[PDB]
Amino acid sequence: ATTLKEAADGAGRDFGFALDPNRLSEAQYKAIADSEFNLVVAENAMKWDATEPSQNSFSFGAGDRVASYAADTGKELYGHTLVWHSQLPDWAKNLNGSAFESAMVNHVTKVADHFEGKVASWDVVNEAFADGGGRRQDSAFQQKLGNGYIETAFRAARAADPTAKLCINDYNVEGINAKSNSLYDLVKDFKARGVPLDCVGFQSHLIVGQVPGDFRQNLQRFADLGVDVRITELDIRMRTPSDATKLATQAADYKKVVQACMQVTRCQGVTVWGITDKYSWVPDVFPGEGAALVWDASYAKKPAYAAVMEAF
(Lines of atoms letter the chains of each structure in order from A and count residues from 1; the text may use other names and numbers.)
(Lines give C-alpha, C1' and ligand atoms only; values in the text may rest on other atoms or scores of the structure.)
Protein backbone atom coordinates (compact mmCIF):
# COMPACT_ATOMS: atom_id res chain seq x y z
CA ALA A 1 0.00 0.00 0.00
CA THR A 2 1.03 3.63 -0.51
CA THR A 3 -1.15 5.14 2.21
CA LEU A 4 -2.28 4.20 5.70
CA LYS A 5 -5.78 4.32 4.24
CA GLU A 6 -5.01 1.46 1.81
CA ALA A 7 -3.25 -0.47 4.53
CA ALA A 8 -6.30 -0.10 6.78
CA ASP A 9 -8.75 -0.78 3.94
CA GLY A 10 -6.80 -3.91 3.11
CA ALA A 11 -7.06 -5.12 6.70
CA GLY A 12 -10.81 -4.63 6.76
CA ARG A 13 -10.38 -1.95 9.43
CA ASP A 14 -10.81 1.78 9.95
CA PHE A 15 -7.97 4.29 10.30
CA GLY A 16 -9.34 7.69 11.20
CA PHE A 17 -8.27 11.09 12.43
CA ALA A 18 -9.69 13.88 14.60
CA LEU A 19 -10.68 16.74 12.30
CA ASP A 20 -10.78 20.50 12.84
CA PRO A 21 -13.03 21.83 10.04
CA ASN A 22 -11.23 25.19 10.00
CA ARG A 23 -7.98 23.49 8.97
CA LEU A 24 -9.54 22.17 5.75
CA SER A 25 -8.71 25.53 4.14
CA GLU A 26 -5.06 24.55 4.62
CA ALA A 27 -4.43 22.46 1.49
CA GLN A 28 -1.54 20.45 3.02
CA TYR A 29 -3.80 19.51 5.92
CA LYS A 30 -6.67 18.54 3.61
CA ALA A 31 -4.34 16.65 1.26
CA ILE A 32 -3.26 14.27 4.04
CA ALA A 33 -6.81 14.05 5.39
CA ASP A 34 -8.16 13.14 1.95
CA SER A 35 -5.71 10.30 1.31
CA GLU A 36 -4.43 8.84 4.58
CA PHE A 37 -7.63 7.93 6.46
CA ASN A 38 -10.96 6.21 5.75
CA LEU A 39 -12.74 7.54 8.86
CA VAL A 40 -13.14 10.95 10.44
CA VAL A 41 -14.20 12.24 13.86
CA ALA A 42 -14.77 15.83 14.98
CA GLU A 43 -12.07 16.91 17.41
CA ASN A 44 -14.42 19.55 18.84
CA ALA A 45 -17.17 20.40 16.35
CA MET A 46 -19.72 17.93 17.76
CA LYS A 47 -19.24 18.52 21.48
CA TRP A 48 -21.91 20.18 23.63
CA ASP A 49 -20.25 23.61 23.71
CA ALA A 50 -19.94 23.60 19.91
CA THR A 51 -23.51 22.36 19.34
CA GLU A 52 -25.78 23.82 22.03
CA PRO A 53 -24.26 27.13 23.22
CA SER A 54 -27.61 28.29 24.66
CA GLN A 55 -30.37 26.10 26.05
CA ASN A 56 -32.22 24.45 23.17
CA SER A 57 -30.44 26.68 20.64
CA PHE A 58 -28.17 24.63 18.39
CA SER A 59 -25.30 25.62 16.10
CA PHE A 60 -24.61 22.71 13.75
CA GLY A 61 -22.48 24.65 11.27
CA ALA A 62 -19.10 23.24 12.27
CA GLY A 63 -20.51 19.79 12.89
CA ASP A 64 -22.21 19.83 9.50
CA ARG A 65 -18.91 20.82 7.84
CA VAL A 66 -17.34 17.71 9.36
CA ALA A 67 -20.24 15.51 8.23
CA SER A 68 -20.13 17.01 4.72
CA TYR A 69 -16.37 16.40 4.53
CA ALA A 70 -16.79 12.72 5.41
CA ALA A 71 -19.60 12.27 2.88
CA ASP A 72 -17.71 14.19 0.20
CA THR A 73 -14.54 12.11 0.55
CA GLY A 74 -16.20 8.76 1.26
CA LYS A 75 -15.11 8.27 4.86
CA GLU A 76 -16.93 6.69 7.80
CA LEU A 77 -18.27 9.35 10.20
CA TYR A 78 -17.67 8.90 13.94
CA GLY A 79 -19.60 11.08 16.39
CA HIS A 80 -17.82 12.57 19.47
CA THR A 81 -19.49 13.05 21.92
CA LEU A 82 -22.98 13.57 23.33
CA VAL A 83 -22.41 13.52 27.10
CA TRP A 84 -19.12 14.60 28.69
CA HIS A 85 -18.23 16.48 31.88
CA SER A 86 -15.79 18.72 30.00
CA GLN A 87 -16.52 21.52 27.50
CA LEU A 88 -20.02 21.73 28.94
CA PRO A 89 -21.48 25.26 28.81
CA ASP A 90 -22.17 27.18 32.02
CA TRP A 91 -25.91 27.33 31.32
CA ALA A 92 -26.12 23.56 31.64
CA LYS A 93 -23.89 23.47 34.73
CA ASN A 94 -26.26 26.01 36.30
CA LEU A 95 -29.14 23.54 36.01
CA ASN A 96 -29.85 20.68 38.39
CA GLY A 97 -32.41 18.01 39.20
CA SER A 98 -34.95 17.20 36.50
CA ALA A 99 -34.09 20.45 34.74
CA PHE A 100 -30.52 19.24 34.14
CA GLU A 101 -31.50 15.69 33.24
CA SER A 102 -33.98 17.28 30.85
CA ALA A 103 -31.23 19.35 29.23
CA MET A 104 -29.05 16.24 28.81
CA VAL A 105 -31.85 14.20 27.28
CA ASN A 106 -32.70 17.05 24.95
CA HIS A 107 -29.07 17.46 23.91
CA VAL A 108 -28.62 13.76 23.15
CA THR A 109 -31.91 13.60 21.23
CA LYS A 110 -31.40 16.73 19.13
CA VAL A 111 -27.78 16.06 18.19
CA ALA A 112 -28.34 12.37 17.42
CA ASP A 113 -31.43 13.20 15.32
CA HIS A 114 -29.62 15.95 13.43
CA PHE A 115 -26.85 13.57 12.32
CA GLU A 116 -28.99 10.45 11.94
CA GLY A 117 -28.08 8.64 8.75
CA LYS A 118 -24.68 10.36 8.63
CA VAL A 119 -22.89 9.55 11.88
CA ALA A 120 -22.22 5.81 11.96
CA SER A 121 -21.18 5.49 15.62
CA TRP A 122 -21.52 7.76 18.64
CA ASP A 123 -19.51 8.25 21.80
CA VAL A 124 -22.77 8.63 23.73
CA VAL A 125 -20.95 8.94 27.05
CA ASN A 126 -17.33 9.97 27.45
CA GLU A 127 -14.98 9.61 30.43
CA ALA A 128 -17.54 8.45 32.99
CA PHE A 129 -15.02 6.61 35.18
CA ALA A 130 -12.12 7.52 37.46
CA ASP A 131 -8.50 6.40 37.49
CA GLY A 132 -8.34 3.95 40.38
CA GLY A 133 -11.87 2.66 39.84
CA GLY A 134 -15.46 3.80 40.18
CA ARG A 135 -17.24 6.84 38.76
CA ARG A 136 -15.64 10.17 37.84
CA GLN A 137 -15.56 12.58 40.78
CA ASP A 138 -15.58 15.94 39.01
CA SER A 139 -18.55 15.39 36.68
CA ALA A 140 -21.72 17.46 36.55
CA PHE A 141 -23.63 14.44 35.30
CA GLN A 142 -22.39 12.08 38.00
CA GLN A 143 -22.95 14.70 40.71
CA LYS A 144 -26.34 16.00 39.61
CA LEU A 145 -27.89 12.81 38.23
CA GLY A 146 -26.08 9.84 39.78
CA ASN A 147 -25.16 6.40 38.43
CA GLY A 148 -28.15 6.17 36.10
CA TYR A 149 -27.32 9.04 33.74
CA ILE A 150 -25.26 6.69 31.56
CA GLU A 151 -28.15 4.31 30.92
CA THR A 152 -30.53 7.22 30.40
CA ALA A 153 -28.16 8.72 27.82
CA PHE A 154 -27.81 5.52 25.80
CA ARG A 155 -31.55 4.78 25.71
CA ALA A 156 -32.29 8.34 24.60
CA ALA A 157 -29.58 8.04 21.96
CA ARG A 158 -31.13 4.82 20.64
CA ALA A 159 -34.60 6.41 20.79
CA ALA A 160 -33.30 9.16 18.51
CA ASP A 161 -31.13 7.08 16.16
CA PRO A 162 -32.25 3.43 16.03
CA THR A 163 -29.34 2.18 13.87
CA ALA A 164 -26.17 3.99 14.96
CA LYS A 165 -23.56 2.09 17.00
CA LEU A 166 -23.72 3.53 20.53
CA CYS A 167 -20.35 3.58 22.32
CA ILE A 168 -18.93 4.54 25.69
CA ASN A 169 -15.41 5.98 25.52
CA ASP A 170 -12.69 6.59 28.12
CA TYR A 171 -8.95 6.83 28.77
CA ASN A 172 -6.52 4.99 31.06
CA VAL A 173 -8.63 1.89 30.38
CA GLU A 174 -6.28 0.40 27.81
CA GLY A 175 -4.77 -2.02 30.30
CA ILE A 176 -6.57 -4.20 32.82
CA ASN A 177 -6.89 -2.05 35.95
CA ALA A 178 -9.44 -0.69 38.44
CA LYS A 179 -10.68 1.77 35.83
CA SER A 180 -11.09 -0.69 32.96
CA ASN A 181 -12.69 -3.11 35.39
CA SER A 182 -15.37 -0.64 36.47
CA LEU A 183 -15.96 0.03 32.76
CA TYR A 184 -16.11 -3.74 32.18
CA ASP A 185 -18.76 -4.27 34.88
CA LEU A 186 -20.88 -1.49 33.37
CA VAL A 187 -20.74 -2.89 29.84
CA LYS A 188 -21.52 -6.38 31.17
CA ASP A 189 -24.48 -4.94 33.11
CA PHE A 190 -25.87 -3.12 30.08
CA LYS A 191 -25.61 -6.14 27.78
CA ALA A 192 -27.11 -8.34 30.49
CA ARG A 193 -30.20 -6.14 30.75
CA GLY A 194 -30.61 -5.10 27.14
CA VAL A 195 -29.49 -1.50 27.51
CA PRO A 196 -28.53 -0.40 24.00
CA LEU A 197 -24.72 -0.50 23.85
CA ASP A 198 -22.76 -1.60 20.78
CA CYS A 199 -19.16 -0.51 21.24
CA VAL A 200 -16.41 0.55 23.63
CA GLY A 201 -13.75 3.12 22.82
CA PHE A 202 -10.21 3.09 24.19
CA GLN A 203 -8.81 6.61 23.77
CA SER A 204 -5.16 5.51 24.06
CA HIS A 205 -3.52 8.86 24.89
CA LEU A 206 -0.29 7.07 25.78
CA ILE A 207 3.24 8.11 26.78
CA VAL A 208 6.17 6.92 24.68
CA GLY A 209 7.65 3.77 26.14
CA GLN A 210 4.54 2.97 28.16
CA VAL A 211 2.10 0.84 26.17
CA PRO A 212 0.02 -1.57 28.32
CA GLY A 213 1.24 -5.09 27.62
CA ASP A 214 -2.22 -6.52 28.28
CA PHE A 215 -3.95 -4.13 25.86
CA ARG A 216 -4.81 -7.00 23.52
CA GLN A 217 -6.00 -9.16 26.40
CA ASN A 218 -8.17 -6.28 27.64
CA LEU A 219 -9.72 -5.57 24.23
CA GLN A 220 -10.63 -9.25 23.86
CA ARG A 221 -12.49 -9.57 27.17
CA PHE A 222 -14.61 -6.56 26.23
CA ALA A 223 -15.16 -7.89 22.71
CA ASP A 224 -16.27 -11.16 24.27
CA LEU A 225 -19.11 -9.36 26.05
CA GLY A 226 -20.66 -9.01 22.61
CA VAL A 227 -19.55 -5.48 21.73
CA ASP A 228 -17.24 -3.93 19.15
CA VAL A 229 -14.08 -2.18 20.34
CA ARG A 230 -12.01 0.65 18.88
CA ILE A 231 -8.90 2.74 19.55
CA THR A 232 -10.42 6.23 19.36
CA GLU A 233 -7.92 8.98 20.24
CA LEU A 234 -4.46 7.52 19.74
CA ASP A 235 -1.37 9.66 20.26
CA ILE A 236 1.83 8.76 22.10
CA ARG A 237 3.49 11.81 23.63
CA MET A 238 7.15 12.34 24.56
CA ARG A 239 9.34 14.99 26.18
CA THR A 240 10.18 17.55 23.48
CA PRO A 241 12.13 18.03 21.37
CA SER A 242 12.13 14.62 19.72
CA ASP A 243 15.25 12.69 18.70
CA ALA A 244 15.99 9.37 16.95
CA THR A 245 15.61 7.17 20.03
CA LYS A 246 12.30 8.74 21.13
CA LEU A 247 10.98 8.54 17.56
CA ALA A 248 12.12 4.91 17.32
CA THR A 249 10.32 3.97 20.53
CA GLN A 250 7.23 5.93 19.46
CA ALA A 251 7.20 3.94 16.22
CA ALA A 252 7.36 0.62 18.08
CA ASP A 253 4.56 1.86 20.36
CA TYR A 254 2.29 2.70 17.43
CA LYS A 255 2.96 -0.76 16.06
CA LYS A 256 2.08 -2.41 19.37
CA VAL A 257 -1.23 -0.54 19.51
CA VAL A 258 -2.34 -1.27 15.97
CA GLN A 259 -1.29 -4.92 16.36
CA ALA A 260 -3.37 -5.21 19.52
CA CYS A 261 -6.38 -4.19 17.44
CA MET A 262 -5.46 -6.41 14.51
CA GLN A 263 -5.41 -9.31 16.99
CA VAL A 264 -9.03 -8.79 18.08
CA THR A 265 -11.51 -9.59 15.30
CA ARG A 266 -14.09 -7.16 16.71
CA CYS A 267 -11.66 -4.25 16.95
CA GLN A 268 -13.09 -1.95 14.27
CA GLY A 269 -9.95 0.12 13.87
CA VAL A 270 -7.69 2.86 15.12
CA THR A 271 -8.30 6.61 15.15
CA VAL A 272 -5.42 9.01 15.88
CA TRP A 273 -6.21 12.26 17.67
CA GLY A 274 -5.03 14.56 14.90
CA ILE A 275 -2.83 14.58 11.82
CA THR A 276 0.14 16.82 12.53
CA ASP A 277 2.13 17.68 15.66
CA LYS A 278 1.64 21.27 14.51
CA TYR A 279 -1.94 21.18 15.83
CA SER A 280 -1.87 18.39 18.44
CA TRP A 281 -3.69 19.10 21.70
CA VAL A 282 -0.80 17.69 23.77
CA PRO A 283 1.59 20.68 24.19
CA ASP A 284 -1.08 22.93 25.73
CA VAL A 285 -2.33 20.29 28.18
CA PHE A 286 0.95 18.54 28.99
CA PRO A 287 3.60 21.31 29.00
CA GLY A 288 6.98 20.05 27.90
CA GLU A 289 5.37 17.14 26.06
CA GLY A 290 4.30 16.80 22.43
CA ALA A 291 5.42 15.35 19.08
CA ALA A 292 2.73 12.73 19.69
CA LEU A 293 1.35 12.25 16.16
CA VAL A 294 2.24 10.46 12.91
CA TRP A 295 3.21 13.62 11.00
CA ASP A 296 5.53 16.28 12.43
CA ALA A 297 4.94 20.05 12.48
CA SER A 298 6.19 20.25 8.88
CA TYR A 299 3.96 17.38 7.76
CA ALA A 300 6.84 14.98 7.23
CA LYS A 301 5.98 11.35 7.87
CA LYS A 302 7.59 10.18 11.11
CA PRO A 303 8.87 6.64 11.85
CA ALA A 304 5.45 5.99 13.38
CA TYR A 305 4.00 6.08 9.86
CA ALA A 306 5.90 3.01 8.63
CA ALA A 307 5.07 1.24 11.88
CA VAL A 308 1.34 1.77 11.39
CA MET A 309 1.48 0.46 7.83
CA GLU A 310 3.29 -2.74 8.79
CA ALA A 311 0.99 -3.29 11.77
CA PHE A 312 -2.02 -3.31 9.42
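The first residue of the shown sequence is 1; numbering continues from there.
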If you average the CA temperature factors over each stretch, which comes out higher, 120-128 or 179-187?
179-187
Of 62-70 and 280-288, the stretch whose C-alpha atoms average the higher B-factor in the entry:
280-288
Which has the highest CA B-factor per the PDB entry: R135, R230, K75, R216?
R135
Based on the PDB record, which member of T51, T271, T245, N38 exhibits the highest Cα temperature factor?
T245
Among all modelled residues of this chain, ranked by Cα B factor, put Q263 in the bottom, middle or top third, i.e. lowest, middle or highest.
highest
If you rank the chain by CA B-factor, which third does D161 end up in: lowest, middle or highest?
middle
Give the position of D113 by CA B-factor within its chain, expressed as the lowest, middle or highest third.
middle
Once the chain's modelled residues are ordered by C-alpha B factor and cut into thirds, is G148 in the lowest, middle or highest one?
lowest
According to the PDB entry, is the CA B factor of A1 in the bottom, middle or top third of its chain, that is, lowest, middle or highest?
highest
